[PDB]
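Undergrad: Starting off with a structure, shown below.
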Amino acid sequence: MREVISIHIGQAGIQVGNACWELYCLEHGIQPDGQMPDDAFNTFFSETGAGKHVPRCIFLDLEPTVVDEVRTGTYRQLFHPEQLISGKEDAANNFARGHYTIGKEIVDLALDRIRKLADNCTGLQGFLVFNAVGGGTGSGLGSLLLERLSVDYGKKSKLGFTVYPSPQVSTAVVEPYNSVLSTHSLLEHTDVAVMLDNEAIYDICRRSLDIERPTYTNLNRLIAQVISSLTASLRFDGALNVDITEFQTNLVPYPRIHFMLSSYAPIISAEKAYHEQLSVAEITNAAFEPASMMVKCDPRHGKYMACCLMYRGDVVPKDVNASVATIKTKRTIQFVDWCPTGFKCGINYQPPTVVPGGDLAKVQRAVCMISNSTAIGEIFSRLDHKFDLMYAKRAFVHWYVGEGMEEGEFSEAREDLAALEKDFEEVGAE
Amino acid sequence: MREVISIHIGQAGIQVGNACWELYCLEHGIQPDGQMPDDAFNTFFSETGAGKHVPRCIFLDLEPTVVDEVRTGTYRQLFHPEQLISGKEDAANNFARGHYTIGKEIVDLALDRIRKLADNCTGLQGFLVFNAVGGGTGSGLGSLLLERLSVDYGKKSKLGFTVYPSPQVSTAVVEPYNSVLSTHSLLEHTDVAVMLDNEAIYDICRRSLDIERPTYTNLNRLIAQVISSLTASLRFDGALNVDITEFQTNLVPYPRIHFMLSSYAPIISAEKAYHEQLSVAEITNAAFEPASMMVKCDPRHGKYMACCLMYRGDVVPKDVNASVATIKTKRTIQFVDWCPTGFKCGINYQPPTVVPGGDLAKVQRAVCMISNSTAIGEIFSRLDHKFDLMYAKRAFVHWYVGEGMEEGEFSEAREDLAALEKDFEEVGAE
Amino acid sequence: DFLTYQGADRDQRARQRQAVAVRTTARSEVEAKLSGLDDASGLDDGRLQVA
Amino acid sequence: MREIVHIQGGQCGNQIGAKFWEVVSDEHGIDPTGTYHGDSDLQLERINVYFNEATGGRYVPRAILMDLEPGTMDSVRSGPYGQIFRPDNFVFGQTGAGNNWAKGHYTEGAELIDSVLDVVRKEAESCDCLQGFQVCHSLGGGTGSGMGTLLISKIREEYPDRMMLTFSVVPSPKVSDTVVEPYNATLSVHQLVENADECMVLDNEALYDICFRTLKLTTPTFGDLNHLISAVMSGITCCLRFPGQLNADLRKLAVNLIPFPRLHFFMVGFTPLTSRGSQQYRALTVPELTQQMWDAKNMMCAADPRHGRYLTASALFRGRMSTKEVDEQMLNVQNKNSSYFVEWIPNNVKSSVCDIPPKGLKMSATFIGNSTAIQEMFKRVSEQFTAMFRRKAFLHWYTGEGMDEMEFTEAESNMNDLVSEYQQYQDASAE
Amino acid sequence: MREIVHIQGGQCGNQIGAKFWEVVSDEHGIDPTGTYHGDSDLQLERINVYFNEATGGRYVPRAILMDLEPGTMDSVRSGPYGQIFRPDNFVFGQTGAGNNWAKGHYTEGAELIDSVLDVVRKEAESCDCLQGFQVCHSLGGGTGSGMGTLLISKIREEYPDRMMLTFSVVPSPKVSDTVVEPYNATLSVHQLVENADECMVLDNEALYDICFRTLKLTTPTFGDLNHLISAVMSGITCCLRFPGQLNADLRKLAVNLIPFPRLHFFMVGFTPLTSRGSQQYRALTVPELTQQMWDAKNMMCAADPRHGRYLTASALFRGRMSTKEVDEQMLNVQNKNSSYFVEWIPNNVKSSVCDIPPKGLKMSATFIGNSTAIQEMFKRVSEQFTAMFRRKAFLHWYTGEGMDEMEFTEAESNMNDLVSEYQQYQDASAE
Amino acid sequence: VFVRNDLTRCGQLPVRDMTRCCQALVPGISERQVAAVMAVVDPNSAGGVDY
Amino acid sequence: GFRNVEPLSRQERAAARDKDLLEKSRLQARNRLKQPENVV
Ligand SMILES: Nc1nc2c(ncn2[C@@H]2O[C@H](COP(=O)(O)OP(=O)(O)OP(=O)(O)O)[C@@H](O)[C@H]2O)c(=O)[nH]1
Ligand SMILES: Nc1nc2c(ncn2[C@@H]2O[C@H](COP(=O)(O)OP(=O)(O)OP(=O)(O)O)[C@@H](O)[C@H]2O)c(=O)[nH]1
Ligand SMILES: Nc1nc2c(ncn2[C@@H]2O[C@H](COP(=O)(O)OP(=O)(O)O)[C@@H](O)[C@H]2O)c(=O)[nH]1
Ligand SMILES: Nc1nc2c(ncn2[C@@H]2O[C@H](COP(=O)(O)OP(=O)(O)O)[C@@H](O)[C@H]2O)c(=O)[nH]1
């Protein structure tokens with residue numbers, strides 16, 4: 001009745017999907033074999049007559065290795081083999097390769113399976129697209145898939161949990177190129193886009209979890225906890241229920257402005273746990289701390305427009321009200337003049353489940369703050385010069401041209417990102 | 001003493017007859033073997049010297065499967081083996097097949113057994129013909145049998161509880177064709193024809209009984225309850241008795257206009273039962289609700305000409321008078337200007353018996369509302385364009401021609417249905 | 001037996017309602033415990049004893 | 001024999017209604033299975049105001065729950081008194097309104113509204129005589145506010161003469177739950193002014209204040225606030241359900257409270273609210289009840305009566321009491337606080353007495369104050385609505401449901417005119 | 001008691017018939033020795049449709065096996081269910097047709113056709129009532145296509161009224177087996193248009209595509225394709241053999257499917273076809289089975305229905321199911337894909353329900369679609385036939401058998417006229 | 001963490017102390033796994049393996 | 001081991017025989033103020 005279709009595109013999408021689905025299995029009691037020893041799972045799993053539960057997810061990638069890792073690992077009897085879709089040739093960090101030449105047949109099969117999945121859902125809250133902006137598979141194929149979904153499904157709410165390149169640290173070289181292309185693509189298709197940065201999550205792990213060597217598994221576990229907190233109100237009852245449709249209404253002031261900073265709290269290891277009180281006010285403050293942001297974007301530079309807080313566990317409305325009143329009275333936290341309330345508080349009675357093998361402690365309270373703020377334009381500003389610096393020499397441009405793109409596409413993407421910068425400046429200004 | 005001869009033609013006829021005879025056996029206490037552990041069964045069963053009771057019914061079909069199912073089921077020792085009549089070749093949704101070539105010997109044998117049945121009846125209130133408008137067997141053979149009965153028996157009241165095609169949902173393709181043909185046939189032979197729609201009864205089952213997956217068994221149970229409520233005055237005593245001759249004389253303003261909408265109340269499951277008062281006024285209002293009609297035809301569109309109410313159980317004439325007066329004062333329900341009374345109320349002291357294994361609850365009160373209203377012209381209007389849309393291309397016309405039909409027959413049927421539309425418009429107009 | 005699907009739907013509805021009833025009873029007990037705290041409960045009884 | 005049709009709208013409205021029906025069944029000695037277990041004749045004497053007798057001994061509430069999402073109704077049905085309600089009176093959709101008054105009033109509320117009116121008419125015709133309808137819901141939510149206003153308009157169209165009572169939970173001043181609360185409240189107040197005959201304004205922050213200061217509870221969940229609301233909702237109509245030394249029905253309260261048709265918004269309070277610690281310290285007397293009644297802290301509205309002027313005030317007392325005591329107390333209150341009472345009305349108090357107090361309390365009293373203080377609450381809501389509407393933030397979500405931008409400004413104009421009327425009668429001078 | 005005479009023709013037809021009889025015996029609980037071992041009354045209730053009782057409990061299939069070479073029926077006899085068939089029903093020549101339609105229709109088919117009709121008449125006269133004949137064979141092969149068309153003509157002459165159902169394996173689009181497939185197909189289609197009352201088209205490449213994409217088999221031999229075909233052959237007539245909630249015989253299917261006599265070519269598909277890995281993962285609902293039904297990949301013909309327009313479509317469901325659910329699913333399919341459905345037929349779906357699903361499967365469904373998509377298949381066969389006929393390649397082999405060149409032109413003209421009728425009804429507009 | 005749980009600064013911890021440390025690091029670890037690692041680290045010891 | 005079934009009274013048979021008495025009894029069973037048509 002509250003089904004949500006999960007899409008995981010590219011290596012990063014699949015690797016965060018592994019953590020997400022392990023977390024969902026742990027939360028709902030579903031064993032990795034597929035079945036558990038009501039109907040709260042229906043959002044993420046569809047049950048069969050035999051009692052065995054299959055997730056409503058689709059693992060899309062043009063490379064076979066990542067998907068075969070899932071096919072060989074513990075969750076081989078859980079997922080649908082055809083829902084795991086594997087390509088033959090990788091996109092090789094080429095947006096054109098993933099969007100024009102290789103991605104065609106793969107996206108056709110993906111839409112086929114997505115139709116089959118949506119046909120099994122009475123209701124459909126929306127799509128959760130988890131991809132990696134900065135890679136040919138994630139950016140190009142993901143952009144094509146989002147465009148097709150917008151064309152055919154229509155008004156279904158697509159929430160894109162995208163991972164943009166970090167300000168200074170990165171793993172690719174053409175990452176500004178394909179990131180600009182995919183941002184051009186997804187400015188007009190996704191309904192609410194959640195920004196994530198590897199550098200910011202690395203900093204969170206290093207400072208809060210005391211992990212001197214954070215890794216992709218830790219990053220994915222944090223992202224999985226955040227998405228679980230986001231979807232908790234769909235699956236578990238509690239005071240002040242918040243919905244996928246209500247995210248857009250209480251978070252998106254205008255259709256272009258729908259990019260969101262995400263921050264989880266508390267992030268504490270068990271050795272540091274039960275060593276602080278972890279009250280509602282303190283976890284709210286931690287969630288509003290700039291270091292707790294999962295994007296290398298200081299909110300002090302900009303102004304908050306909206307903030308949806310998702311409380312999990314033993315949280316009382318009096319405490320959320322007191323904490324939010326303190327936040328409003330706080331001076332460093334600054335809101336736009338045209339949004340006096342700017343807050344969407346929603347509580348859930350289900351505490352965040354702890355993944356065995358993870359670093360997170362078993363905490364009875366949690367906050368997931370997803371905020372629309374004009375500061376997010378800074379990351380686009382960074383990519384806008386990282387792009388044009390290479391584009392001046394047309395470096396690596398032959399690679400993108402070879403798979404059927406044009407200089408006009410790069411020009412249009414750069415112009416649209418400049419327009420997005422201007423829109424962020426205009427919404428920030430009085 | 002007050003016998004009524006039951007005829008069930010076609011698959012729908014036999015399938016509703018199964019439910020009808022289950023209901024009659026339960027109501028009179030007759031075990032399925034044939035005998036029971038005063039003279040209230042004479043309307044439906046004739047008792048033998050051995051004490052075993054045989055029903056005065058005739059199961060007519062050109063297909064052996066449906067009849068052999070009854071021959072094999074629990075009611076194999078109840079019905080007369082020769083009364084169960086089976087053909088060799090099915091009519092294949094062909095009115096010409098069921099009316100010109102296959103149906104001849106079958107209808108001859110049907111008249112033979114019907115004469116044998118009528119010779120065993122001192123009185124004879126009339127015939128209850130249950131067939132399927134929209135199939136070769138029910139339409140063609142049923143029309144032929146009705147014509148033969150009109151020729152030989154004459155003035156005996158034939159009450160046809162016909163099942164018409166639903167507006168949008170349907171199971172056959174040549175259903176408009178054979179429906180128009182059968183309507184042409186029965187406009188001039190049956191005395192009172194009650195329309196029934198599978199879509200309407202499905203909606204009733206979904207909304208009232210909360211059955212998300214209604215089936216033909218549920219439909220036939222509802223129809224059987226309606227027929228038992230109609231016939232209750234023949235078997236059980238009560239104030240304001242109604243007779244088969246009286247339905248006509250109180251319901252048929254003109255010979256051409258004798259088609260009737262049917263509605264039952266209450267339709268409530270056991271779980272929903274004993275949560276509402278179920279008073280006479282409330283159940284009468286339910287019966288006059290457009291949703292409770294067993295035909296997909298909103299009665300607001302037309303004007304009621306006559307309404308016969310058949311009450312079962314703890315109903316008092318003061319209560320029925322108050323309820324019907326409120327109905328008259330109601331603005332939504334509107335009657336023709338030339339019929340100030342327009343109401344035929346009849347009460348019976350026998351509450352409706354509940355079939356074990358069914359979804360209907362044990363209610364102390366019941367209402368069967370059978371209404372002659374000009375709104376019924378809407379369904380004929382739908383079939384009249386469904387017919388001519390196919391007839392313009394002469395689709396499936398060769399199939400009907402092959403078994404001894406002519407284009408003149410289709411033309412005559414279409415013209416007669418147009419004339420019926422015109423008559424309904426004329427009587428509705430002042 | 002012929003109508004398994006209808007019985008299956010009835011059982012599904014009954015199970016869902018029973019599970020939600022169990023959840024509501026547990027939450028009602030927890031809320032009663034939370035709302036029981038008031039002035040009468042000896043929250044400062046130890047402080048009074050110490051003083 | 002004067003029946004009341006109760007309607008619950010939205011999550012907050014459904015929770016409030018469930019608590020209210022639990023309280024009323026407790027008052028009338030009805031167990032969650034519907035059977036009477038009260039052992040008191042007066043409990044069954046006027047049970048038909050709220051309940052109907054089923055085929056057996058069961059009594060079913062004349063309550064209708066409407067919602068666009070089934071979760072809140074599932075919780076209500078699974079609650080302790082969830083089984084008394086008739087299952088057919090749960091009218092729910094499938095896609096909830098995302099805090100969108102437009103979604104709950106035009107797009108998604110339209111399809112469910114005919115089912116809702118079918119249920120309402122079925123319940124209303126069963127009534128021998130109908131006092132009216134009471135609708136409990138929250139301003140500042142999608143399905144609640146939207147479908148509540150739509151249903152109220154429809155019921156006003158069908159039964160103009162019948163009483164309409166509303167228990168609206170106005171969005172709180174300081175701490176707001178959702179962003180679009182000013183929009184939803186602005187669109188809902190415009191409907192309530194035109195349609196609802198009698199409107200009672202509740203604020204969750206006033207409820208938190210009263211339960212923190214008078215009840216002195218530490219962890220007030222929504223259940224406690226709904227309990228106080230249920231207490232007021234019962235106490236307003238206890239004069240219908242129980243014999244009274246000086247009885248007064250809903251229409252009498254409306255006539256004595258409403259000077260002019262548009263000035264029908266009221267702040268309410270219940271007495272005696274005592275902390276469990278101070279229960280033995282307090283003495284139950286009519287003067288004590290009046291003292292707590294006229295305390296601004298007792299008002300379940302955020303606006304305080306001190307800022308405004310009391311146009312009128314009804315006080316419905318419950319318990320075996322002295323009419324001389326009650327009348328003298330209300331006269332002394334008026335004389336002492338004549339500055340806060342309107343001059344051009346000789347008596348600003350409608351005093352009513354009922355002989356049956358609520359269970360556990362020897363005495364009780366509900367207060368219904370029509371004062372110009374509600375002006376500041378509407379003014380604050382408008383101060384938020386104008387700030388949001390100047391830049392048209394989140395306006396596209398309402399526009400995509402197909403409602404004119406002019407409708408927002410029309411609702412704002414109606415609110416401003418209502419505020420103007422309240423100020424006019426606040427500073428009106430006699431002669 | 002409505003019997004069906006099964007006929008197998010050529011190597012492919014004989015293999016398909018053997019597999020079909022194995023499947024039918026499995027459904028009826030018949031072991032290869034002919035004894036009933038099903039332990040179910042309904043299996044024996046209508047066993048007379050396909051089998052006759054022997055001296056003891058043995059049941060003999062009503063099948064007639066045709067060939068010009070004895071090897072194929074030697075294989076049939078050596079197969080697991082090779083001993084059920086009566087030895088008198090094996091009719092063979094000595095020299096097989098070298099993929100020569102002229103040899104199988106005129107020279108070598110003429111002598112054996114007398115014995116073939118004798119066996120057919122002997123089998124038919126024993127039948128109490130005869131629904132008709134079903135002939136399984138492959139277009140594009142000498143003995144199969146030629147002898148099948150000749151026998152169909154003879155049986156049409158003998159029994160004009162009785163049903164003729166044909167399962168023809170039309171030569172595949174992409175990869176062709178033999179060179180003269182276009183000649184044999186062109187000559188056989190001209191005969192089938194005139195004689196065959198009802199025809200299903202099967203393509204080996206379509207079967208390969210469905211077994212590679214849905215079943216995900218790795219090494220699918222001809223046995224798997226024959227088993228899919230056999231499932232379709234059983235499911236089309238299971239309504240005759242088992243009680244059904246809404247039963248439908250072959251004549252009913254033909255009446256509801258065929259708008260005009262020449263447009264009797266159909267594409268068929270079977271559900272649910274599930275790969276081993278996804279068997280526990282798939283949930284069997286009527287919407288699921290319909291969704292797999294209406295997919296183009298499920299069709300066993302090469303032509304995809306998306307290009308054409310569905311003139312008609314029958315769906316025979318099997319199992320414990322809701323007629324409301326089935327009808328709602330089909331109405332929803334028609335409403336959603338109204339672009340693919342003919343406008344001048346208000347209802348393009350003939351739904352039939354049988355109460356007995358196949359063994360092991362909880363419920364199943366077979367589909368028979370009459371759509372103008374088959375026009376492209378006939379067009380491709382025309383594009384090959386005309387290309388070869390312009391240079392008269394391999395025409396001397398047909399000419400040396402006593403076949404006129406004018407017959408080729410007549411067959412091409414007839415097949416092009418059929419294509420024209422399909423296009424006309426694809427682009428026909430109402431009113 | 002092991003240093004914090006080692007009060008004596010002896011470099012050695014008991015089974016309970018190192019299981020507590022390993023649970024503070026990763027909650028899902030049971031005592032048997034920690035003891036097995038203890039044994040494979042120091043084969044012949046009466047507990048108190050060097051952390 | 002003899003099977004037994006409850007014997008009905010003469011009053012029940014008289015009520016079934018009489019239209020008036022049966023209807024009056026049903027009215028009395030209908031509801032609790034003054035009984036509807038209480039007086040037989
Ligand atoms: N946060 C996070 N980011 C990841 C993770 N794995 C990969 N990424 C990011 O994903 C980007 C590339 O992902 P993909 O496009 O899917 O890589 P791929 O599957 O080989 O596809 P292509 O590189 O486009 O050919 C890199 O720039 C990484 O920054 C992960 O586990 N967590
Ligand atoms: N309401 C209702 N309608 C039914 C039922 N069974 C069949 N029908 C209707 O009956 C119609 C077909 O009836 P028949 O003509 O007798 O089918 P048949 O027995 O195979 O005979 P032919 O179709 O003439 O060959 C269908 O269109 C159904 O709508 C039933 O149980 N209830
Ligand atoms: N007193 C009370 N207020 C509530 C309750 N639940 C929600 N509210 C408040 O009511 C306001 C409106 O929410 P609501 O109308 O229920 O949401 P909707 O159902 O989607 O329209 C919210 O801002 C909440 O603060 C409750 O149980 N009791
Ligand atoms: N599905 C299926 N197709 C076959 C089989 N055997 C042959 N075919 C195909 O049928 C086509 C015609 O061969 P066929 O008519 O049987 O040869 P003939 O018997 O000498 O006339 C060939 O192109 C084969 O690909 C089989 O067992 N199953």
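Just remember, in the structure tokens the first chain shown is A, the second B, etc., residues are 1-based per chain, and ligands are 1-based in the order shown.
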Set the distance at 9 Å and use only C-alpha atoms: which residues neighbour region 10-20 of chain G once local chain neighbours fewer than 5 positions away are removed? I'd like the list as a list in words.
TA: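 Here the answer would be residues 237, 238, 239 and 349 of chain B; 25 and 40 of chain G.
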Undergrad: Got a sec to pull out which chain A residues are within 12 Å of chain C, counting only C-alpha atoms, and send them as number ranges by chain?
TA: A: 38-40, 49, 236-239, 314-316, 348-350
Undergrad: So which residues touch residue 420 (chain B) within 10 Å, counting only C-alpha atoms, skipping near sequence neighbours fewer than 5 positions away, as JSON, numbers by chain?
TA: {"B": [183, 184, 187, 256, 257, 377, 380, 381, 414, 415, 425, 426]}
Undergrad: Enumerate as JSON, numbers by chain the residues belonging to chain A that approach chain E to within 7 Å, with only C-alpha atoms taken into account.
TA: {"A": [48, 49, 54, 80, 81]}
Undergrad: So which residues of region 52-284 of chain A fall under helix (DSSP H, G or I) by DSSP, listed as a ChimeraX atom specification?
TA: /A:64-72,95-101,103-119,136-152,175-186,198-208,216-235,244-251,280-284
Undergrad: Each residue of chain C with at least one atom at most 8 Å from chain E should appear once, together with its nearest atom pair and the corresponding distance in Å (one decimal); atoms considered: only C-alpha atoms; ordering: chain, then increasing residue number; output as a Markdown table.
TA:
| residue | atom | partner | partner_atom | distance |
| --- | --- | --- | --- | --- |
| C:2 | CA | E:320 | CA | 6.9 |
| C:3 | CA | E:320 | CA | 7.3 |
| C:4 | CA | E:320 | CA | 7.7 |
| C:5 | CA | E:321 | CA | 7.5 |
Undergrad: Excluding residue 332 (chain B) and any residue of its chain fewer than 6 positions from it, enumerate the residues within 12 Å of it, using only C-alpha atoms, and give them as a ChimeraX atom specification.
TA: /B:285,288-290,298-304,326
Undergrad: Export, as a PDB file, in the first residue's frame, the selected residues with N, CA and C atoms.
TA:
ATOM      1  N   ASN B 285     -34.377   2.859   2.497  1.00  0.00           N
ATOM      2  CA  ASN B 285     -33.482   3.849   1.913  1.00  0.00           C
ATOM      3  C   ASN B 285     -32.329   3.174   1.186  1.00  0.00           C
ATOM      4  N   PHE B 288     -33.515   1.920  -2.106  1.00  0.00           N
ATOM      5  CA  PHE B 288     -33.661   3.011  -3.061  1.00  0.00           C
ATOM      6  C   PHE B 288     -32.350   3.715  -3.382  1.00  0.00           C
ATOM      7  N   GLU B 289     -31.255   3.354  -2.722  1.00  0.00           N
ATOM      8  CA  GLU B 289     -29.961   3.894  -3.113  1.00  0.00           C
ATOM      9  C   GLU B 289     -29.591   3.398  -4.508  1.00  0.00           C
ATOM     10  N   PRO B 290     -29.080   4.275  -5.374  1.00  0.00           N
ATOM     11  CA  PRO B 290     -28.704   3.830  -6.725  1.00  0.00           C
ATOM     12  C   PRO B 290     -27.616   2.775  -6.732  1.00  0.00           C
ATOM     13  N   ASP B 298     -28.166   4.189 -13.330  1.00  0.00           N
ATOM     14  CA  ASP B 298     -28.505   5.117 -12.264  1.00  0.00           C
ATOM     15  C   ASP B 298     -29.972   5.507 -12.370  1.00  0.00           C
ATOM     16  N   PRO B 299     -30.799   5.212 -11.365  1.00  0.00           N
ATOM     17  CA  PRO B 299     -32.227   5.542 -11.472  1.00  0.00           C
ATOM     18  C   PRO B 299     -32.515   7.030 -11.459  1.00  0.00           C
ATOM     19  N   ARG B 300     -31.565   7.871 -11.044  1.00  0.00           N
ATOM     20  CA  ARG B 300     -31.795   9.309 -11.105  1.00  0.00           C
ATOM     21  C   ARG B 300     -32.018   9.793 -12.527  1.00  0.00           C
ATOM     22  N   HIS B 301     -31.418   9.123 -13.513  1.00  0.00           N
ATOM     23  CA  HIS B 301     -31.516   9.591 -14.890  1.00  0.00           C
ATOM     24  C   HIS B 301     -32.961   9.599 -15.366  1.00  0.00           C
ATOM     25  N   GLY B 302     -33.726   8.574 -15.012  1.00  0.00           N
ATOM     26  CA  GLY B 302     -35.121   8.487 -15.367  1.00  0.00           C
ATOM     27  C   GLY B 302     -36.039   8.843 -14.217  1.00  0.00           C
ATOM     28  N   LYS B 303     -37.289   8.410 -14.338  1.00  0.00           N
ATOM     29  CA  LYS B 303     -38.315   8.624 -13.332  1.00  0.00           C
ATOM     30  C   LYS B 303     -38.989   7.298 -13.029  1.00  0.00           C
ATOM     31  N   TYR B 304     -39.215   7.030 -11.747  1.00  0.00           N
ATOM     32  CA  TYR B 304     -39.886   5.798 -11.362  1.00  0.00           C
ATOM     33  C   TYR B 304     -41.342   5.821 -11.806  1.00  0.00           C
ATOM     34  N   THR B 326     -41.412   8.824   3.574  1.00  0.00           N
ATOM     35  CA  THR B 326     -40.139   9.536   3.511  1.00  0.00           C
ATOM     36  C   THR B 326     -39.519   9.420   2.125  1.00  0.00           C
TER      37      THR B 326
END
Undergrad: Taking 5 positions as the minimum chain separation for residues in the same chain, which residues sit within 10 Å of residue 45 (chain E) when counting only C-alpha atoms? Answer as a count of residues only.
TA: 8
Undergrad: Set the cut-off to 7 Å, count only C-alpha atoms and all ligand atoms, and list whatever residues fall near ligand 3 as a PyMOL selection string.
TA: (chain A and resi 239-240) or (chain D and resi 10-13+15-16+96-99+137-145+169+171+176-178+204+222-223+225-226)
Undergrad: Please, could you write that set of residues out with C-alpha atoms as a PDB file, in the first residue's frame?
TA:
ATOM      1  CA  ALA A 239       3.263  10.626  16.167  1.00  0.00           C
ATOM      2  CA  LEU A 240       3.651  13.174  13.355  1.00  0.00           C
TER       3      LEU A 240
ATOM      4  CA  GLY D  10      -7.473  13.989   9.646  1.00  0.00           C
ATOM      5  CA  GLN D  11      -4.998  12.366  11.995  1.00  0.00           C
ATOM      6  CA  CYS D  12      -5.372  14.932  14.776  1.00  0.00           C
ATOM      7  CA  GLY D  13      -9.143  14.982  14.408  1.00  0.00           C
ATOM      8  CA  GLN D  15      -7.136  10.957  17.586  1.00  0.00           C
ATOM      9  CA  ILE D  16      -9.222  13.629  19.318  1.00  0.00           C
ATOM     10  CA  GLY D  96      -3.000  11.080   1.782  1.00  0.00           C
ATOM     11  CA  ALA D  97      -2.918  14.830   1.334  1.00  0.00           C
ATOM     12  CA  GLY D  98       0.649  16.040   1.702  1.00  0.00           C
ATOM     13  CA  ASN D  99      -0.315  18.789   4.153  1.00  0.00           C
ATOM     14  CA  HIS D 137     -10.227  18.421  13.141  1.00  0.00           C
ATOM     15  CA  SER D 138      -6.986  20.368  12.935  1.00  0.00           C
ATOM     16  CA  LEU D 139      -6.325  23.525  10.977  1.00  0.00           C
ATOM     17  CA  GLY D 140      -2.926  23.288   9.339  1.00  0.00           C
ATOM     18  CA  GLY D 141      -3.093  19.811   7.830  1.00  0.00           C
ATOM     19  CA  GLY D 142      -3.976  18.533   4.411  1.00  0.00           C
ATOM     20  CA  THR D 143      -6.792  16.025   4.759  1.00  0.00           C
ATOM     21  CA  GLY D 144      -8.061  17.353   8.090  1.00  0.00           C
ATOM     22  CA  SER D 145      -8.386  21.017   7.179  1.00  0.00           C
ATOM     23  CA  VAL D 169      -6.897  22.813  16.296  1.00  0.00           C
ATOM     24  CA  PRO D 171      -1.624  25.832  14.212  1.00  0.00           C
ATOM     25  CA  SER D 176       4.878  25.133  14.122  1.00  0.00           C
ATOM     26  CA  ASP D 177       4.829  21.510  13.007  1.00  0.00           C
ATOM     27  CA  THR D 178       4.608  21.821   9.213  1.00  0.00           C
ATOM     28  CA  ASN D 204      -1.406  22.606  20.956  1.00  0.00           C
ATOM     29  CA  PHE D 222      -0.709  13.867  22.423  1.00  0.00           C
ATOM     30  CA  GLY D 223      -2.981  11.609  24.467  1.00  0.00           C
ATOM     31  CA  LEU D 225      -3.977  16.994  25.075  1.00  0.00           C
ATOM     32  CA  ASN D 226      -6.668  14.930  23.373  1.00  0.00           C
TER      33      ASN D 226
END
Undergrad: What residues in chain D lie within 10 Å of chain G, counting only C-alpha atoms, written as JSON, numbers by chain?
TA: {"D": [45, 53, 54, 55, 56, 57]}
Undergrad: Could the residues in this selection be saved with C-alpha atoms as an mmCIF file, in the first residue's frame?
TA:
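out-v1.cif, written as the output of this step:
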data_model
loop_
_atom_site.group_PDB
_atom_site.id
_atom_site.type_symbol
_atom_site.label_atom_id
_atom_site.label_comp_id
_atom_site.auth_asym_id
_atom_site.auth_seq_id
_atom_site.Cartn_x
_atom_site.Cartn_y
_atom_site.Cartn_z
ATOM 1 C CA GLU D 45 -31.677 8.022 29.688
ATOM 2 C CA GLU D 53 -28.899 0.815 19.721
ATOM 3 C CA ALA D 54 -27.882 -2.085 17.488
ATOM 4 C CA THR D 55 -29.848 -5.327 17.148
ATOM 5 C CA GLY D 56 -28.523 -6.514 20.509
ATOM 6 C CA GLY D 57 -27.424 -4.542 23.525
#
